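Here the structure is laid out as structure tokens; the discussion comes afterwards.
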Amino acid sequence: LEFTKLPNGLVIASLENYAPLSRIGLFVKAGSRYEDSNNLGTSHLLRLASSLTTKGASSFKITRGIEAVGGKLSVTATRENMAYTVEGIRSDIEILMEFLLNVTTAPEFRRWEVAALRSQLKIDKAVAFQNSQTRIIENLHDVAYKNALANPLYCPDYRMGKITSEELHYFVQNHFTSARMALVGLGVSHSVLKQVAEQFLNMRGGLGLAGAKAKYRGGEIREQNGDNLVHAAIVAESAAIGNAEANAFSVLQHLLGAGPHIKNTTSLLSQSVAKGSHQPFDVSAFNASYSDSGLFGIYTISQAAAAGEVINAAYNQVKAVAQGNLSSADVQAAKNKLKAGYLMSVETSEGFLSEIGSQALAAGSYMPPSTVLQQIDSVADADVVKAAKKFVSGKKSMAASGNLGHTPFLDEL
Amino acid sequence: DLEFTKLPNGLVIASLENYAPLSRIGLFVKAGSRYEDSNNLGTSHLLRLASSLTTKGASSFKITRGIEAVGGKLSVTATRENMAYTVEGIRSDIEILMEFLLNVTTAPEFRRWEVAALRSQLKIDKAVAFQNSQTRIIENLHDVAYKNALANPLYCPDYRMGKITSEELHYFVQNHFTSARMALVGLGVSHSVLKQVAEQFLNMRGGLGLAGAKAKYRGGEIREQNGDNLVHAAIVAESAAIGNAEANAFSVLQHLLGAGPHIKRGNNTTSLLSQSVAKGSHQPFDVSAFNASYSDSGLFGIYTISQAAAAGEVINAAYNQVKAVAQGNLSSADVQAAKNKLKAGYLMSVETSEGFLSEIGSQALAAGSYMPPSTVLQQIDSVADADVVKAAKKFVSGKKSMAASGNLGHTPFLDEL
Amino acid sequence: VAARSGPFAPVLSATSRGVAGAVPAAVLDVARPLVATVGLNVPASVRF
Amino acid sequence: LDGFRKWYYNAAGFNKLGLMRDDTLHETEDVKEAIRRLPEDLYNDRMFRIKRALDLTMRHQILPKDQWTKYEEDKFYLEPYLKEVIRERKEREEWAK
Amino acid sequence: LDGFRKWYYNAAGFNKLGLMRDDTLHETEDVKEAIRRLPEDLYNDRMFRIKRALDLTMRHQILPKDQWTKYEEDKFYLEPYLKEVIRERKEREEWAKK
Amino acid sequence: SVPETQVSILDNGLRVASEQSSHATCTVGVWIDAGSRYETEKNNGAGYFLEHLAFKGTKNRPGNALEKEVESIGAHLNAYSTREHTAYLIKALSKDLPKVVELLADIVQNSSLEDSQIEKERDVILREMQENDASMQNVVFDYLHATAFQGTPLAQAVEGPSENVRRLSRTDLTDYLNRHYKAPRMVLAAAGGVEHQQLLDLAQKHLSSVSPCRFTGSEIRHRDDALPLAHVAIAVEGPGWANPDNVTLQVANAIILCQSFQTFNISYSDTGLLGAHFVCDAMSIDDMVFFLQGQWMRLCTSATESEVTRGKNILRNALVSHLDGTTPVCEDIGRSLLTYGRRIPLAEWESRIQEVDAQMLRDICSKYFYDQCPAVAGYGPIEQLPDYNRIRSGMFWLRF
Amino acid sequence: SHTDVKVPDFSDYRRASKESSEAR
């Protein structure tokens, strides 16, 4: 495992497990947080522009060549980071790196191609907002932040038909620079990564355009749409990437409940709701931390009628954790759940490649799974309590959707 | 002259016989959009658009062809509190006009195929209404300013189209179209006939009616990035309810701050707001004072249209001007000019026949009494300088509610405002 | 991402598979309390 | 007259296909307007009964005698609405006259 | 040579109708695709040029000689767009051949 | 019953007309017989640009202090310009009647046109026109006028072409002002709570100083396929202001598939445009036209008494509403004194309405609609809009 | 706006006034 950083700023991370299928990804700090009010939704079209014809090769060739060897090219995007990943047999990853590095480094962005792609942008947004969780998290980020992290992952409705080739070219030229890029390869030799890192990934070498610092705003945005279930997320500002308080907040969500291990009533939250409400529900803890700011809170799905006190019950449980009402065995079980979740997240090949990638862009260094385990262990009970009080006090941001006739407000919550 | 008779059923009969060639008869119900809840949103919009439906006594064809046969007019105007169904025509045809209007008010049928045909017209009417930015920003401002009652929109939400049934319309009519919430007002007719039609009709429901919830203020801000050329922004706070003393004050305060350019393309070289913006910004703008008072609560604030770029400091400049009025920085001649503007606006509002009929109507439902234009004049005069200042501080302090739309990259937030 | 978002990671991890119920196939004639006003022949009018 | 009407109802033979009297009406403009104004469940039962009668006529079969429709067993569901369609139709005609 | 080419240009006579060489090209799928790729300005202008020609033809009349497009004046605006379409088609065809 | 319109004439020729009523607020206006029809293509935007400059200060009231005065009493100040008339009107209270009249006097004479302002109002006018194109129906009606009155000053638009707007100077304006603002071509109209003797004394005190067309029948077309909707106006030649069968034609309009269908009878001095404007999707346009033409031919051939009675009732309701409200009434007084030379009372209008029957309606409609060459103006996706032979053939029936 | 441009004169084509229309 290496993560040699090229002088251009590009980070070359390599590993040779000699796996039959090898996976090569490239990670750029070019998420949706780097747009402003003039180019909203540009990162969504850039994500969906993976198939556009580039100076390197024709869309047909690029496509037919990836499907000819049976390889896969995918784009995953968060609010901070974009990652373009190719995977395939070791005997075809040379042309796979040709295609991927052409897509990253030298796009053309022809106007007829993006004009054809805007309808696919609308279709992708509709498919993504077919479920309530996506819309309520986008609404929660929009009401929680002011400028940077409030920008949506998906393109707004008015911006469809207005995104041009020049905006995509400006975004690529201002954020796809070598100092914000890490090239990570599982199943490949480090050497080749470097040679492809000089034939490509070395020409664009500025630090690029620096983004604005994200500012918290608080507030609440609601959406009455007549769904059968009320979705509600109530968050507050939390720790950022690179602090031990982020580890405390991760231990706090695994204490409160995060993800159903069994096809998790034990969750403090789940227990506190289930002792009072017999209706179907789903209460969990939400944590999303980015390199300058984080959001931590509660997420509830419930019947509209009970939506109120269930939310109140969940909130009351966090207040109990803010009052020191916790046991050390519960924190130990939360730590075990968090470390098992981390190890099962990195046990797969694409998750391992993403992790290495993220670490690269974030800290330029690789942290062995082992190291993490002892740091999570560093988090201690009081630390967890502390993060809680942060949530219990910090101004909240609330995104609600459904039949909100009995959904409380923030001044009542 | 004006003669008002509140019938025992609760209905009020107001009449004025001025021997006008065209006479106008309206009926006023406390059945606005504030009386819905989250289960029947948009029902008042379909009720407003369903005035030409089949009634127990006349079909849709008979109503439409009979009103157009005499050339009369039937219209529906709706606020968040009140609905008003108005017919007007020649004195020789107002008997059948009252037949049609009272059938529409008292005995609807609400057939399901008719409302199923009407829901597409509901969508078309909402699109035509939201073709301009002021309507959307005021609806957004009310939605972010209030919690339950006055936060309900005048126009039907997009999900509720296709879901409003005949039973919801029947329930809304049976719970809010009762005689104690109704006033029948007639200009150009004899009071007597109003009463006879007030016994043959309006006898259907004479109860007090389902009582609505008290409106609760919430504060907040809802924004809408849609790439318009101009940024629209309304910043309001809670004020006096309508029918309040401070209301007049607040009315004097909006006429001091600026309530519409009197001159064509008025430069509002007098409006404090307009002056405070124009001394710093050379871009095109439109800054005015917004006041909307209802029987339990009121909203007062500022309304700005500006270029996106300057949108910030212009809003700040307007806000700063109100803070100056909150610090006592005003002259008595300015307040006298504001009072003259307000009283001239009231007299020109009541100088037309349909505005006169609406005013009498509103007064009826609101206070059951008629207040002669003269009386008002002396009450507006009652408002005094300090009173104006007071209302200002209320706005300057009360939690604000902000609705913004446009390219909001330089539009400030409430914690920055 | 998943480390923090957990179940919310997918919702915070927009992703396209690059190469390649479902979406159901998702303009009209052109300062004070708005007053909606319509009529039999009266055209719709926002009184503001 | 009641028994002779039952005998004529048996002699007409649309009850052997499971049809209702109002299913056998010829769809003129007024009949189609009355059918369009039906509620969804009545319309769906009418379309299923018509489809089953067409299938039985295709195979030249009839229903078993326990599954036939009865003279008194005639809801005449669509009848009322047509009344309205005709009434409205006439009113309009008169106005033009 | 080009002198004769200009003479031939005159011979073509589209100048008499102010028709750019590209305007003259008989429509073909490839041409159509290139046309589609054309920016609006060119498209709109191309349209009027074409429409003008037809009208002149309808009246069996020609533009004033001075209005006529000069051999030098004529521009191959669509040429490049077409080149791309053709190359792409060629590529796909070869792919199919193999 | 109706308040009489007592009027008077000063030596200047400025007819001072007033119609008192109980309402305590009044609409006092000045109407001038000066529009784009009196311009000679070298000063095509002089009336519009003077209408912009008229509220920016006078000699006695320099600059915004003038409009400060009309803010001080809370009055409203409006002005408009058509192809034939210009109006400057004030809505105020009754007790502020003298100063308002004095204000109007400044606006018509002693007005000051600042060179500084001229550049600022040029940028306003230029920009508005540069964005005026946005309003389609205005574009379509301007196209209809152009095509209709080709070669006549009536055709020229009020705003004028950007060219003139840029190329205009104080002296030119001064000319238009000094040429088309004569006292015999001016009406001081008052409606509402005014006394006629007091208004006559105020007009004597101030304001006592004040010193043909062809119907082309051809069509114009503006194809722009990017617009979502199409606006089409079809008109024939109107009779004019003084011809009484206008009333009958109004009844015909009251008798009359596109999202919006509006009928118009625009009248100028012995000419006009009588027709229909509709705004529609491209794929409906031809059907609309066919529909519309059929209705016109039905009114030329098969008018019955019931639709005539309905149109008479609609016209009675339309007029009464028109003569209700100070603004409209005054406006009506100013237009009546400028066009007819007198204020026609509502009883005379009712008599001219009740004398209209079905036979004279189809006679007058056959006189003005049947076998006439129309003017057509289209804007938008108007490819399926039929050309002139099909519309001209739809202007008559082979069965009569 | 569109006002800037003016209608070209067809007088050349135009032939010889309702008085004449009837004849025409």
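Simple scheme: letters A, B, ... for chains in structure tokens order, numbers from 1 for residues in each chain, numbers from 1 for ligands in the order shown.
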To test your reading of the structure, identify every residue in stretch 157-278 of chain A that backbone DSSP assigns to strand (DSSP E), and report it as a CSV table (one decimal) with N, CA, C and O atoms, in the first residue's frame.
```
chain,number,residue,atom,x,y,z
A,181,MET,N,-6.3,16.0,-6.4
A,181,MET,CA,-6.6,14.7,-7.1
A,181,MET,C,-5.7,13.6,-6.5
A,181,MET,O,-4.5,13.8,-6.3
A,182,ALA,N,-6.4,12.5,-6.3
A,182,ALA,CA,-5.7,11.3,-5.9
A,182,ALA,C,-6.1,10.1,-6.8
A,182,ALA,O,-7.3,9.9,-7.0
A,183,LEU,N,-5.1,9.4,-7.3
A,183,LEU,CA,-5.3,8.3,-8.2
A,183,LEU,C,-5.0,7.0,-7.4
A,183,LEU,O,-3.8,6.8,-6.9
A,184,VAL,N,-6.0,6.2,-7.2
A,184,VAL,CA,-5.9,5.0,-6.2
A,184,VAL,C,-6.2,3.7,-7.0
A,184,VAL,O,-7.2,3.6,-7.7
A,185,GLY,N,-5.3,2.8,-6.9
A,185,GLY,CA,-5.4,1.6,-7.6
A,185,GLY,C,-5.2,0.3,-6.8
A,185,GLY,O,-4.1,0.0,-6.3
A,186,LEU,N,-6.3,-0.5,-6.8
A,186,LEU,CA,-6.2,-1.9,-6.2
A,186,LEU,C,-6.1,-2.9,-7.3
A,186,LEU,O,-6.8,-2.9,-8.2
A,219,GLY,N,-33.0,27.0,11.0
A,219,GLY,CA,-34.2,27.2,10.2
A,219,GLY,C,-35.0,25.9,10.1
A,219,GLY,O,-34.6,24.9,10.6
A,220,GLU,N,-36.1,25.9,9.3
A,220,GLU,CA,-36.8,24.7,9.1
A,220,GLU,C,-37.6,24.8,7.8
A,220,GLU,O,-38.3,25.8,7.5
A,221,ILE,N,-37.5,23.8,6.9
A,221,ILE,CA,-38.3,23.8,5.7
A,221,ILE,C,-39.2,22.6,5.6
A,221,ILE,O,-38.7,21.5,5.8
A,222,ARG,N,-40.5,22.9,5.4
A,222,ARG,CA,-41.4,21.8,5.5
A,222,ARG,C,-42.1,21.6,4.1
A,222,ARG,O,-42.0,22.4,3.2
A,223,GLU,N,-42.6,20.4,3.8
A,223,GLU,CA,-43.2,20.0,2.5
A,223,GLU,C,-44.4,19.2,2.8
A,223,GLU,O,-44.3,18.0,3.0
A,224,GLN,N,-45.6,19.8,2.7
A,224,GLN,CA,-46.9,19.1,2.8
A,224,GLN,C,-47.2,18.5,1.4
A,224,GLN,O,-47.4,19.2,0.5
A,229,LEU,N,-46.6,8.5,5.3
A,229,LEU,CA,-45.6,8.6,6.4
A,229,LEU,C,-45.0,10.0,6.5
A,229,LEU,O,-44.7,10.6,5.4
A,230,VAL,N,-44.8,10.5,7.7
A,230,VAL,CA,-44.2,11.8,7.9
A,230,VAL,C,-42.7,11.5,8.1
A,230,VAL,O,-42.3,10.7,9.0
A,231,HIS,N,-41.8,12.1,7.3
A,231,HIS,CA,-40.4,12.1,7.4
A,231,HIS,C,-39.9,13.4,8.1
A,231,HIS,O,-40.4,14.5,7.6
A,232,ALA,N,-39.0,13.3,9.1
A,232,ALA,CA,-38.6,14.5,9.7
A,232,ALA,C,-37.1,14.3,10.2
A,232,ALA,O,-36.8,13.4,10.9
A,233,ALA,N,-36.3,15.3,9.8
A,233,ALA,CA,-34.9,15.3,10.2
A,233,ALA,C,-34.6,16.6,11.0
A,233,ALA,O,-34.9,17.7,10.5
A,234,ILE,N,-34.1,16.4,12.2
A,234,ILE,CA,-33.8,17.6,13.0
A,234,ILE,C,-32.3,17.4,13.4
A,234,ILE,O,-31.9,16.5,14.1
A,235,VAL,N,-31.5,18.3,12.9
A,235,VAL,CA,-30.0,18.3,13.1
A,235,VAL,C,-29.5,19.6,13.7
A,235,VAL,O,-30.3,20.6,13.7
A,236,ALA,N,-28.3,19.6,14.1
A,236,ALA,CA,-27.5,20.8,14.5
A,236,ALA,C,-26.1,20.6,14.0
A,236,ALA,O,-25.7,19.6,13.5
A,237,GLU,N,-25.4,21.7,14.2
A,237,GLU,CA,-24.0,21.7,13.8
A,237,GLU,C,-23.1,20.8,14.7
A,237,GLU,O,-23.4,20.8,15.9
A,238,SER,N,-22.1,20.2,14.1
A,238,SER,CA,-21.3,19.2,14.8
A,238,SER,C,-19.9,19.4,14.3
A,238,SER,O,-19.5,20.4,13.7
```
Point to revise | Expected answer as number ranges by chain: chain C residues within 8 Å of chain B, only C-alpha atoms | key: C: 27-42, 44-46, 48
Practice item. Might you pull out every residue within 7 Å of residue A:20, with only C-alpha atoms counted and same-chain residues fewer than 2 positions away left off, and present them as number ranges by chain? Key: A: 18, 22, 89-90
Export of the given selection (N, CA, C and O atoms) as a PDB file, in the first residue's frame:
```pdb
ATOM      1  N   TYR A  18      -2.999  -8.467  -6.633  1.00  0.00           N
ATOM      2  CA  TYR A  18      -3.024  -9.434  -7.727  1.00  0.00           C
ATOM      3  C   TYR A  18      -4.423  -9.989  -7.924  1.00  0.00           C
ATOM      4  O   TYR A  18      -4.590 -11.107  -8.407  1.00  0.00           O
ATOM      5  N   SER A  22      -9.237  -5.875 -11.158  1.00  0.00           N
ATOM      6  CA  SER A  22      -8.576  -4.746 -10.526  1.00  0.00           C
ATOM      7  C   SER A  22      -9.362  -3.469 -10.778  1.00  0.00           C
ATOM      8  O   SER A  22     -10.032  -3.310 -11.808  1.00  0.00           O
ATOM      9  N   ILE A  89     -10.709  -6.630 -15.902  1.00  0.00           N
ATOM     10  CA  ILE A  89      -9.648  -7.634 -15.900  1.00  0.00           C
ATOM     11  C   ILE A  89      -8.306  -6.908 -16.032  1.00  0.00           C
ATOM     12  O   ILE A  89      -8.210  -5.868 -16.699  1.00  0.00           O
ATOM     13  N   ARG A  90      -7.269  -7.459 -15.376  1.00  0.00           N
ATOM     14  CA  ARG A  90      -5.926  -6.878 -15.365  1.00  0.00           C
ATOM     15  C   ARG A  90      -5.337  -6.714 -16.764  1.00  0.00           C
ATOM     16  O   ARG A  90      -4.484  -5.848 -16.975  1.00  0.00           O
TER      17      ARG A  90
END
```
Please identify all polymer residues within 12 Å of residue G:24, counting only C-alpha atoms, omitting same-chain residues fewer than 4 positions from it, and present them as a PDB file with N, CA, C and O atoms, in the first residue's frame.
```pdb
ATOM      1  N   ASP F 371     -67.127  40.141 -47.717  1.00  0.00           N
ATOM      2  CA  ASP F 371     -66.317  40.339 -48.927  1.00  0.00           C
ATOM      3  C   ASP F 371     -65.376  41.537 -48.803  1.00  0.00           C
ATOM      4  O   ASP F 371     -65.174  42.292 -49.755  1.00  0.00           O
ATOM      5  N   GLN F 372     -64.791  41.711 -47.627  1.00  0.00           N
ATOM      6  CA  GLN F 372     -63.835  42.777 -47.381  1.00  0.00           C
ATOM      7  C   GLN F 372     -62.433  42.197 -47.263  1.00  0.00           C
ATOM      8  O   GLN F 372     -62.249  41.059 -46.822  1.00  0.00           O
ATOM      9  N   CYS F 373     -61.449  42.986 -47.668  1.00  0.00           N
ATOM     10  CA  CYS F 373     -60.055  42.573 -47.549  1.00  0.00           C
ATOM     11  C   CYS F 373     -59.553  42.892 -46.149  1.00  0.00           C
ATOM     12  O   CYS F 373     -59.540  44.066 -45.762  1.00  0.00           O
TER      13      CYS F 373
ATOM     14  N   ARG G  14     -49.070  48.058 -56.008  1.00  0.00           N
ATOM     15  CA  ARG G  14     -50.397  48.570 -55.692  1.00  0.00           C
ATOM     16  C   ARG G  14     -51.066  49.191 -56.901  1.00  0.00           C
ATOM     17  O   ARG G  14     -50.444  49.949 -57.641  1.00  0.00           O
ATOM     18  N   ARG G  15     -52.338  48.870 -57.101  1.00  0.00           N
ATOM     19  CA  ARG G  15     -53.076  49.429 -58.221  1.00  0.00           C
ATOM     20  C   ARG G  15     -53.668  50.775 -57.855  1.00  0.00           C
ATOM     21  O   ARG G  15     -53.277  51.375 -56.854  1.00  0.00           O
ATOM     22  N   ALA G  16     -54.609  51.255 -58.661  1.00  0.00           N
ATOM     23  CA  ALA G  16     -55.254  52.535 -58.381  1.00  0.00           C
ATOM     24  C   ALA G  16     -55.535  52.701 -56.892  1.00  0.00           C
ATOM     25  O   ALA G  16     -56.243  51.894 -56.290  1.00  0.00           O
ATOM     26  N   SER G  17     -60.459  54.350 -49.878  1.00  0.00           N
ATOM     27  CA  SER G  17     -61.422  54.730 -50.906  1.00  0.00           C
ATOM     28  C   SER G  17     -62.400  53.602 -51.185  1.00  0.00           C
ATOM     29  O   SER G  17     -62.284  52.911 -52.197  1.00  0.00           O
ATOM     30  N   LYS G  18     -63.372  53.419 -50.297  1.00  0.00           N
ATOM     31  CA  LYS G  18     -64.377  52.386 -50.510  1.00  0.00           C
ATOM     32  C   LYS G  18     -65.051  52.632 -51.838  1.00  0.00           C
ATOM     33  O   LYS G  18     -65.555  51.707 -52.474  1.00  0.00           O
ATOM     34  N   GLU G  19     -65.052  53.884 -52.271  1.00  0.00           N
ATOM     35  CA  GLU G  19     -65.657  54.219 -53.541  1.00  0.00           C
ATOM     36  C   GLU G  19     -65.090  53.336 -54.635  1.00  0.00           C
ATOM     37  O   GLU G  19     -65.826  52.870 -55.502  1.00  0.00           O
ATOM     38  N   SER G  20     -63.784  53.102 -54.603  1.00  0.00           N
ATOM     39  CA  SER G  20     -63.146  52.301 -55.639  1.00  0.00           C
ATOM     40  C   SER G  20     -63.216  50.818 -55.333  1.00  0.00           C
ATOM     41  O   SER G  20     -63.260  49.994 -56.245  1.00  0.00           O
TER      42      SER G  20
END
```
Review point. For chain A, which residues have at least one atom within 6 Å of chain B, if we go by only C-alpha atoms? Write them as number ranges by chain, please.
Key: A: 37, 158, 225, 405
Review point. Out of stretch 3-93 of chain E, which residues get helix (DSSP H, G or I) from DSSP, as a PyMOL selection string?
Key: chain E and resi 3-12+21-24+29-37+40-58+79-93
Review point. Residue E:87: which residues within 12 Å, counting only C-alpha atoms, same-chain residues fewer than 4 positions away excluded, as number ranges by chain?
Key: A: 58, 60; E: 30, 34, 80-83, 91-94
Practice item. Quote the spacing between atom CA of residue A:130 and atom CA of residue C:22 in Å to one decimal place. Key: 8.1 Å
Only residues of chain F matter here; which ones have an atom within 7 Å of chain B, counting only C-alpha atoms? Give them as a tab-separated table (two decimals) with C-alpha atoms, in the first residue's frame.
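As a result, result.tsv now contains:
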```tsv
chain	number	residue	atom	x	y	z
F	23	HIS	CA	-68.16	61.27	-4.54
F	25	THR	CA	-62.68	62.60	-4.81
F	64	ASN	CA	-39.16	66.56	-7.94
F	68	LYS	CA	-43.64	66.37	-3.92
F	71	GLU	CA	-47.54	63.56	-2.91
F	72	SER	CA	-48.46	66.18	-0.30
F	73	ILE	CA	-52.21	65.96	-0.90
F	74	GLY	CA	-52.00	62.23	-1.59
F	75	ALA	CA	-53.16	62.61	-5.18
F	76	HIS	CA	-52.44	60.22	-8.05
F	77	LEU	CA	-50.88	61.45	-11.31
F	78	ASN	CA	-51.31	59.54	-14.57
F	79	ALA	CA	-50.76	60.20	-18.26
F	93	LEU	CA	-59.89	64.87	-3.18
F	310	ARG	CA	-78.16	39.38	-25.60
F	313	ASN	CA	-77.88	43.71	-22.84
F	314	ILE	CA	-74.11	43.09	-22.83
F	317	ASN	CA	-73.91	46.54	-18.99
F	320	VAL	CA	-72.86	51.65	-17.56
F	324	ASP	CA	-69.12	54.36	-13.32
F	325	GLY	CA	-66.08	55.66	-11.47
```
